[PDB]
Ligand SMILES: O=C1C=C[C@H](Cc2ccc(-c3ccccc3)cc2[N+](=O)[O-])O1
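Only one chain is given next, in structure tokens, and it is the form deposited without this ligand.
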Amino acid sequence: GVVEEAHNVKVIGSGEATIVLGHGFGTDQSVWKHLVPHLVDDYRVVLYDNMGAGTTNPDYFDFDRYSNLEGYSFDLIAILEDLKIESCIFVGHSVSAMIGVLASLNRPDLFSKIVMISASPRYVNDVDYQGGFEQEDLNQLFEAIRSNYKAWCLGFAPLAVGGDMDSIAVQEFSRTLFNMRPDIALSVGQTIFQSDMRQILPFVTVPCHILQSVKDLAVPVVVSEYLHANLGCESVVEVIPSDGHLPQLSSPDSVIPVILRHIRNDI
């Protein structure tokens, strides 16, 4: 269908047991390349790209629709409905964790579990909340994006990925990041960095597994604690001894076994 094509949907396997994987800003479904091999024997695996990813048609990026994270949640529900999926485990990386959470408020019946990787409900600091960023520094970031997108990508990618700056993962993320149309990257970056999902956390009913690197440029460890304390569902936190915002791509040996444990085992 047109929705599935537009999001580059891939479905691997069949049967009831289903896992759906959603990616974060700057990357695409390829971020899951080290996880998927360990899932396909036990699950029907669904991969898709967020609208606005470099692998998607920019003509389909409706700025009004995606001005709130709910637009992405509607896309996710649409994909699940089109594929006739009545229940899944959802694994959400970065912004996709919150997209899955929002989708679960509208259709909790569609999700049995949410596994979050590098999630945050709020990046901007206030006097009683640490998200990791002051507004002035976000403003500088947006300025840099608009000034020279390629130069910004080259400087940002090693910081986001962490580890050695010359790594394959850094190069890969730099490529997928620059693959986004610059106006879409700027718009999406603003929408995500300015988001606030804190207030809806108490309404979540689907159990959540909260995973992150101990060193993550965009997610202070206190954010995992905040999610755990404020989510209205049963939840569990595991901070991984890894570096980076895309640790399933850049540090799979330490990160993949943790993700698999949380997928396979309930709280």
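Numbers for residues come from their place in the sequence shown, where the first is 1. Basically, rigid core = biggest C-alpha set you can superpose within 1.5 Å across the two forms.
- Larger root-mean-square CA separation from the shown form, computed after a rigid core fit of the structures in 7 other deposited structures of this protein, is seen for 9-17 when 242-250 is set against 9-17.
- As recorded in the PDB entry, 12-20 is the stretch of 12-20 and 252-260 with the greater mean C-alpha temperature factor.
- The question of which stretch, 235-243 or 58-66, has the higher mean Cα B factor is settled in favour of 58-66.
- Residue-level inspection of the entry shows that, of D75, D82, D137, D196, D137 has the top Cα B-factor.
- Among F111, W152, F173, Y123, the highest C-alpha B-factor in the deposited entry belongs to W152.
- Annotation for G189: CA B-factor lies in the middle third of the chain's modelled residues.
- Split the chain's modelled residues into thirds by C-alpha temperature factor. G131 is in the middle one.
- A119: CA B factor lies in the lowest third for its chain, per the PDB record.
- Among the modelled residues of the chain, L39 sits in the lowest third by CA temperature factor in this PDB entry.
- Ranked against the other modelled residues of its chain, the C-alpha B-factor of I145 as given in the entry falls in the highest third.
Unshown form solved in complex with this ligand; subsequent notes refer to it.
- Here the marked residues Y72, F74 and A97 all miss this ligand in the entry with it bound; none has a heavy atom within 4.5 angstroms.
- The closest non-hydrogen atom of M180 lies within 4.5 Å of this ligand in the entry with it bound.
- By the criterion of a heavy atom within 4.5 Å, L141 is counted among the residues contacting this ligand in the entry with it bound.
- In the entry with it bound, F111 stays away from this ligand, with no heavy atom inside 4.5 Å.
- Using a 4.5 Å cutoff between non-hydrogen atoms, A218 counts as a contact of this ligand in the entry with it bound.
- Segments offered: 79-87, 103-111, 163-171, 150-158. Contacting this ligand in the entry with it bound at heavy atom distances within 4.5 Å is 150-158.
- Along 9-48, one residue reaches a heavy atom to within 4.5 Å of this ligand in the entry with it bound: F25.
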